[PDB]
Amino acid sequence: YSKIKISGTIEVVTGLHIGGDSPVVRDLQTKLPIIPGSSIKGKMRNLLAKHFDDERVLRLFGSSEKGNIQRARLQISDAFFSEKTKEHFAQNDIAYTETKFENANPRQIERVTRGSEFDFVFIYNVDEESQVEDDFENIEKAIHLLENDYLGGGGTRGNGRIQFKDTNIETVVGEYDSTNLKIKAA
């Protein structure tokens, strides 16, 4: 048994709207935009399932469907608005959200602006040492699929594109040697 921490940055590539007229979802303590763990997870899971419910998907993301309750190896935090974004956007006078009319019948839609970065954390639970590499390959695949799709609303009109970067993998509990694990971007 071991826990492996995967951390890095999610960068908004096109305006991101994940909702709670239509405000974006926020961290209740800071009032800043947040990318909920369940949004990231839901898309990774769906995209990976669609790529191959399939045991490689299930053991990674779990299932609460009737008769087959398997626990998730992979836990996905909320991704929080980074300090670096705060400092950079503040100094250079860049908007971190903005509100547009949709495409008094138009809805008013807020989005997180491109260049906004969020710190993310995934925790991987080593329930089976022999499966870690295949699992990390599948996590990598899921991230790639997510980068070629979108999060949130307005996806099919171009919104919600994101990019993962500056990822780091550390064994935080246990002796599993994770130094050879790597999430290859693109």
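Numbering starts at 1 and follows the sequence shown.
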Look at the stretch from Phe52 to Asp53 and count the residues of the deposited sequence that the entry does not model, then pick none, 1 to 3, 4 to 9, or 10 or more. 10 or more
Which is higher in the entry, the mean Cα B factor of 156-164 or that of 135-143? 156-164
Taking the deposited Cα B-factors and averaging over 73-81 and over 93-101, the higher mean is found in 93-101
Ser2: CA B-factor among chain residues, third -> middle
Is the Cα B-factor recorded for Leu48 in the lowest, middle or highest third of its chain? middle
Can you work out whether the C-alpha temperature factor of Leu28 puts it in the lowest, middle or highest third of the chain? highest
Determine, from the deposited record, the chain-internal third of the Cα B-factor for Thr14: lowest, middle or highest. middle
Classify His88 as lowest, middle or highest third according to the C-alpha B-factor given in the PDB entry, relative to its own chain. middle
